[PDB]
Amino acid sequence: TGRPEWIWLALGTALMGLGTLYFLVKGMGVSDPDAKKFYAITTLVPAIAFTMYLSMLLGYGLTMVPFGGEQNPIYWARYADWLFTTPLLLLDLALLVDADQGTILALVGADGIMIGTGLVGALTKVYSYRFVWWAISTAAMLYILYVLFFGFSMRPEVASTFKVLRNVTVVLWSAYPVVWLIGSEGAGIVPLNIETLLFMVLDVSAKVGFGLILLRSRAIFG
Amino acid sequence: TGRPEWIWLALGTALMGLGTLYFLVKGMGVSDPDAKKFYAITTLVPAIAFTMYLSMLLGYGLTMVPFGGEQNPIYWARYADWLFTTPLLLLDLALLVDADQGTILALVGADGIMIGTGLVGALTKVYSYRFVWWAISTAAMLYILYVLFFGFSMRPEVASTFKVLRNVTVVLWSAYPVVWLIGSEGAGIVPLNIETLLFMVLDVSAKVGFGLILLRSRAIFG
Amino acid sequence: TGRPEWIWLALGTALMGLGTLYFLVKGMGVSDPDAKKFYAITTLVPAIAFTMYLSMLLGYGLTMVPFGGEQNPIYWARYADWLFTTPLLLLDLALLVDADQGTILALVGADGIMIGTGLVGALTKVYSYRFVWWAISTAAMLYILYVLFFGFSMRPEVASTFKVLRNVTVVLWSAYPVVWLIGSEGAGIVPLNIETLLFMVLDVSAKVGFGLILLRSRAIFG
Ligand SMILES: *C/C=C(C)/C=C/C=C(C)/C=C/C1=C(C)CCCC1(C)C
Ligand SMILES: *C/C=C(C)/C=C/C=C(C)/C=C/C1=C(C)CCCC1(C)C
Ligand SMILES: *C/C=C(C)/C=C/C=C(C)/C=C/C1=C(C)CCCC1(C)C
């Protein structure tokens, strides 16, 4: 299409589609109820991302937001994705370590706040206020990372896989607020097409990369 | 009103209203926690459907979608209904057979995908792409039906009621993609008023019919 | 700002912000998984309310709804708040008394209905029909209050705290339909700025007041 970022939306669509079918095939067989849990969560994440990448690709998940006196192309479908996929990702971590329900409700709700205030910031028409919402969302993100490091003595295999995915998570998720801040939603330093490339690489790694690590682990079986 | 389909929206409103009050009365009494579960789920389904039928009846759940160069009347409130009532229906089936949580999360999330891509398809302004979303949604539907048949040795009474509702479910839910495809959201072969009649008959059967079968069964008690 | 109600939106923002940080600090320490549950729920409630008060304050959570041939300023962000915070409040009550899951699903779903039909009523452009949605929502509210009084012999300490919060809940929640009815969403008897003051006082009491009562109780510990 006439949108230079179309290629990264097409590649993301394809890669999420392929990871979904890979994980669906892979989880064929599985009878351990525990493993079943991780397969369901982990397959749903890129299936949802597939649909929202495709909706961006076809033009549906894009809207024009006037701010700084200009019509800014905002991809809102990313927040409908993340709204569901980022808690699912947290549930995978949480189940690995047998978290208490209170800690899981803390994580999912901080996550909701993170994404929803990101969305409000994305659609806010007063430029300066966009970054107030960014800050609040970032603070929710930092709470989540805090809990992942300080909020949890288990089978060695659980701990090891949990520690790797936790590290993957902090590194990748921490990049999203930066991208947003310097990209088209924020200061407009980085053009939309490079931004969309950046988010494609992060999303595939955080979903399909993460899930390959998890689902090859015997940490997921009782 | 000046909408010929108004009569089927009024009858659906009434029938869902009546089934809700019937099931509410009926579940009066119930102390078995298990039965309580099925009554809550099963009463909520047509109560939600009541509200969305009424919102269509009064004009609120209808929007104009330009496509094939025309203003197409799309009832979006059906997807707000289904978004909640179709997972609830799946939960009823799932609890009957004591499904593993992983299988329940698979079903609810495939269902979310089904309805949400149905909604995107319903509101898409590029005619051809409407049917890409239809296909993806249908494939989610076929996954759900697959799991209901191949994803689950229990008390004979559970199995029997489970098998009847499962059959009811596959037959009725399978008709929805057809109706959408030949009706006003899709190829426009069947006029909106007949379409609305068709969806009224399916919805009442899938909700109030289904629930009468379930809630008369002693399969719902421990 | 040029909106007279701005001061009560600023004070509500501040008070919800402060209660969130108070409860977050307070729950620092807590290891009892049960207590952890109540802290998560109870801290999330005013954190969510903080974000929606701030979105009203900045103008984002406000839209113009034409009815009775006039552009009525409707704060829709209250329903995005309540959609999540009112079930959370019910979950706090429900967990205190060890409710059956069927009763919890009844409460959360009646609550969803309550808020969602409130939202539909708030955005309905046919004046008379606004109050049909009000009535349906009120009837959901009365079901919830009914269940809180007649739907539940435990540790004396649980019962006592449960009875106080239950009383707090019925009194405060019952005022909301009245405010809506006489205020800008309804009959327009009470100006928007006084209405916004009223909702600020109720919300802070129902969230931050309620939570102070709960989280000082040893009813929350196993
Ligand atoms: C599947 C995609 C994932 C794991 C995406 C994660 C997204 C975030 C961690 C987003 C964070 C943001 C903030 C902390 C600040 C404001 C903007 C956001 C929403 C991009
Ligand atoms: C209470 C109403 C029920 C049980 C409705 C079920 C609706 C479906 C099974 C819808 C399926 C659709 C597709 C598979 C394709 C695209 C359009 C839909 C959403 C009508
Ligand atoms: C945190 C805020 C709380 C506890 C707010 C509760 C709101 C209600 C109980 C709202 C009830 C309403 C009706 C019963 C009728 C129509 C309008 C509503 C949504 C204001």
# chains A, B, ... in the order shown; residues from 1 in each chain; ligands from 1
>>> residues_around(residues="range 109-111 of chain B", least_positions_apart="2", cutoff="10 Å", atoms="only C-alpha atoms", output="ChimeraX atom specification")
/A:40-41,43-45,47-48,84 /B:82-84,86-87,90,103-107,113-117,137,139-144
>>> write_last_selection(atoms="N, CA and C atoms", output="short mmCIF file (atom, residue, chain, number, x, y, z; two decimals), in the first residue's frame")
data_model
loop_
_atom_site.label_atom_id
_atom_site.label_comp_id
_atom_site.auth_asym_id
_atom_site.auth_seq_id
_atom_site.Cartn_x
_atom_site.Cartn_y
_atom_site.Cartn_z
N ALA A 40 -2.12 -23.17 25.92
CA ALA A 40 -3.28 -22.34 25.55
C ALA A 40 -2.86 -20.87 25.61
N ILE A 41 -2.30 -20.47 26.74
CA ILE A 41 -1.94 -19.06 26.89
C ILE A 41 -1.02 -18.64 25.77
N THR A 43 -0.19 -19.88 22.81
CA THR A 43 -0.68 -19.96 21.43
C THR A 43 -1.64 -18.80 21.19
N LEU A 44 -2.47 -18.54 22.22
CA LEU A 44 -3.38 -17.39 22.03
C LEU A 44 -2.71 -16.06 21.82
N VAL A 45 -1.55 -15.87 22.49
CA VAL A 45 -0.85 -14.58 22.35
C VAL A 45 -0.52 -14.23 20.93
N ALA A 47 -1.80 -15.53 18.30
CA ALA A 47 -3.02 -15.54 17.42
C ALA A 47 -3.75 -14.22 17.46
N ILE A 48 -3.83 -13.69 18.71
CA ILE A 48 -4.39 -12.32 18.84
C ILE A 48 -3.58 -11.28 18.12
N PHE A 84 -4.88 -7.65 25.79
CA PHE A 84 -5.07 -9.06 26.11
C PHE A 84 -3.77 -9.87 26.15
N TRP B 82 -22.60 -11.20 21.98
CA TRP B 82 -21.92 -12.46 21.78
C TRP B 82 -20.55 -12.55 22.48
N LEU B 83 -19.93 -11.35 22.54
CA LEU B 83 -18.61 -11.27 23.18
C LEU B 83 -18.62 -11.85 24.57
N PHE B 84 -19.76 -11.66 25.26
CA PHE B 84 -19.89 -12.21 26.61
C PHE B 84 -20.72 -13.49 26.69
N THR B 86 -21.31 -15.84 24.26
CA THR B 86 -20.79 -17.11 23.70
C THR B 86 -19.74 -17.74 24.58
N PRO B 87 -18.79 -17.05 25.26
CA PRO B 87 -17.95 -17.74 26.23
C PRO B 87 -18.67 -18.33 27.44
N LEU B 90 -19.94 -21.53 26.40
CA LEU B 90 -18.86 -22.52 26.45
C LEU B 90 -18.44 -22.92 27.84
N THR B 103 -7.92 -26.06 28.69
CA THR B 103 -8.88 -26.22 27.61
C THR B 103 -9.94 -25.12 27.67
N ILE B 104 -10.35 -24.78 28.90
CA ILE B 104 -11.26 -23.62 29.03
C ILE B 104 -10.61 -22.33 28.54
N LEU B 105 -9.34 -22.08 28.83
CA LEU B 105 -8.76 -20.83 28.31
C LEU B 105 -8.64 -20.88 26.81
N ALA B 106 -8.31 -22.03 26.21
CA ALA B 106 -8.37 -22.17 24.75
C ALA B 106 -9.70 -21.83 24.09
N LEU B 107 -10.77 -22.34 24.71
CA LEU B 107 -12.12 -22.11 24.21
C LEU B 107 -12.56 -20.66 24.31
N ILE B 113 -11.68 -14.40 19.82
CA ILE B 113 -11.16 -14.11 18.49
C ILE B 113 -12.25 -14.16 17.43
N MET B 114 -13.11 -15.17 17.61
CA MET B 114 -14.23 -15.40 16.70
C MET B 114 -15.13 -14.17 16.63
N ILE B 115 -15.51 -13.72 17.84
CA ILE B 115 -16.44 -12.57 17.84
C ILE B 115 -15.79 -11.28 17.44
N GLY B 116 -14.56 -11.07 18.00
CA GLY B 116 -13.89 -9.82 17.60
C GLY B 116 -13.51 -9.66 16.15
N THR B 117 -13.10 -10.76 15.51
CA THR B 117 -12.88 -10.66 14.08
C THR B 117 -14.21 -10.56 13.30
N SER B 137 -12.66 -15.70 11.32
CA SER B 137 -13.59 -15.95 12.43
C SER B 137 -14.15 -17.37 12.34
N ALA B 139 -12.66 -19.82 11.05
CA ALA B 139 -11.67 -20.82 11.44
C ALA B 139 -11.55 -20.94 12.95
N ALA B 140 -11.80 -19.84 13.69
CA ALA B 140 -11.84 -19.89 15.16
C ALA B 140 -13.01 -20.75 15.68
N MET B 141 -14.13 -20.63 14.95
CA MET B 141 -15.34 -21.37 15.23
C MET B 141 -15.13 -22.87 15.04
N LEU B 142 -14.50 -23.17 13.90
CA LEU B 142 -14.14 -24.58 13.68
C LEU B 142 -13.16 -25.13 14.67
N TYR B 143 -12.19 -24.34 15.17
CA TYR B 143 -11.38 -24.79 16.29
C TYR B 143 -12.22 -25.10 17.52
N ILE B 144 -13.17 -24.21 17.84
CA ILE B 144 -14.00 -24.43 19.02
C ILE B 144 -14.78 -25.72 18.89
#
>>> residues_near_ligand(ligand="ligand 3", cutoff="8 Å", atoms="only C-alpha atoms and all ligand atoms", output="ChimeraX atom specification")
/C:45-46,49,79,81-82,85-86,89,114-119,121-122,133-142,169,172-181,202-204,206-207
>>> residues_around(residues="residue 184 in chain A", least_positions_apart="5", cutoff="8 Å", atoms="only C-alpha atoms", output="count of residues only")
8
>>> select_by_dssp(residues="chain A", states="strand (DSSP E or B)", output="number ranges by chain")
A: 62-67, 70-75
>>> closest_residue(among="A:65, A:99, A:126, A:57", to="residue 162 in chain A", atoms="only C-alpha atoms")
A:99
>>> select_by_dssp(residues="range 43-210 of chain B", states="helix (DSSP H, G or I)", output="PyMOL selection string")
chain B and resi 43-57+77-96+101-123+127-150+156-182+192-210
>>> residues_around(residues="residue 156 in chain A", least_positions_apart="6", cutoff="12 Å", atoms="only C-alpha atoms", output="list in words")
residues 96, 97, 162, 163, 218 and 219 of chain A
>>> residues_around(residues="range 1-6 of chain A", least_positions_apart="3", cutoff="12 Å", atoms="only C-alpha atoms", output="JSON, numbers by chain")
{"A": [9, 10, 11, 12, 13, 53, 54, 55, 56, 57, 58, 59, 62, 73, 75, 191, 192, 193, 194, 195, 196, 197, 198, 199, 200]}
>>> residues_around(residues="residue 32 in chain C", least_positions_apart="2", cutoff="12 Å", atoms="only C-alpha atoms", output="list in words")
residues 100, 101, 102 and 103 of chain A; 27, 28, 29, 30, 34, 35, 36, 37, 38, 39, 218, 219, 220, 221 and 222 of chain C
>>> decode(residues="range 102-114 of chain C", atoms="N, CA, C and O atoms", output="compact mmCIF listing (two decimals), in the first residue's frame")
# COMPACT_ATOMS: atom_id res chain seq x y z
N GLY C 102 -20.60 -19.57 42.03
CA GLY C 102 -21.81 -19.21 41.28
C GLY C 102 -22.35 -17.86 41.71
O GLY C 102 -22.86 -17.06 40.92
N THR C 103 -22.23 -17.58 43.02
CA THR C 103 -22.74 -16.32 43.52
C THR C 103 -21.85 -15.17 43.08
O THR C 103 -22.30 -14.09 42.74
N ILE C 104 -20.53 -15.42 43.09
CA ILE C 104 -19.62 -14.40 42.53
C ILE C 104 -19.87 -14.16 41.06
O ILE C 104 -19.87 -13.04 40.56
N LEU C 105 -20.12 -15.18 40.25
CA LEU C 105 -20.39 -14.88 38.83
C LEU C 105 -21.70 -14.14 38.68
O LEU C 105 -21.85 -13.19 37.92
N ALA C 106 -22.74 -14.48 39.47
CA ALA C 106 -23.96 -13.67 39.49
C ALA C 106 -23.79 -12.19 39.77
O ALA C 106 -24.35 -11.27 39.18
N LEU C 107 -22.97 -11.90 40.79
CA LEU C 107 -22.70 -10.53 41.20
C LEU C 107 -21.93 -9.74 40.16
O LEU C 107 -22.29 -8.64 39.73
N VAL C 108 -20.78 -10.28 39.71
CA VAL C 108 -20.00 -9.60 38.65
C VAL C 108 -20.77 -9.39 37.38
O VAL C 108 -20.73 -8.37 36.70
N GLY C 109 -21.57 -10.41 36.95
CA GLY C 109 -22.32 -10.20 35.73
C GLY C 109 -23.51 -9.26 35.91
O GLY C 109 -23.79 -8.44 35.04
N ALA C 110 -24.21 -9.32 37.05
CA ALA C 110 -25.24 -8.30 37.24
C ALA C 110 -24.64 -6.88 37.26
O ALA C 110 -25.19 -5.90 36.78
N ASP C 111 -23.44 -6.80 37.84
CA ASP C 111 -22.72 -5.54 37.89
C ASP C 111 -22.37 -5.07 36.51
O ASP C 111 -22.55 -3.92 36.14
N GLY C 112 -21.84 -5.98 35.65
CA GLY C 112 -21.57 -5.56 34.28
C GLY C 112 -22.78 -4.97 33.55
O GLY C 112 -22.85 -4.04 32.79
N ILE C 113 -23.91 -5.67 33.87
CA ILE C 113 -25.15 -5.22 33.24
C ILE C 113 -25.55 -3.82 33.71
O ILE C 113 -25.97 -2.94 32.96
N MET C 114 -25.36 -3.64 35.02
CA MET C 114 -25.68 -2.37 35.68
C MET C 114 -24.92 -1.22 35.03
O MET C 114 -25.40 -0.19 34.62
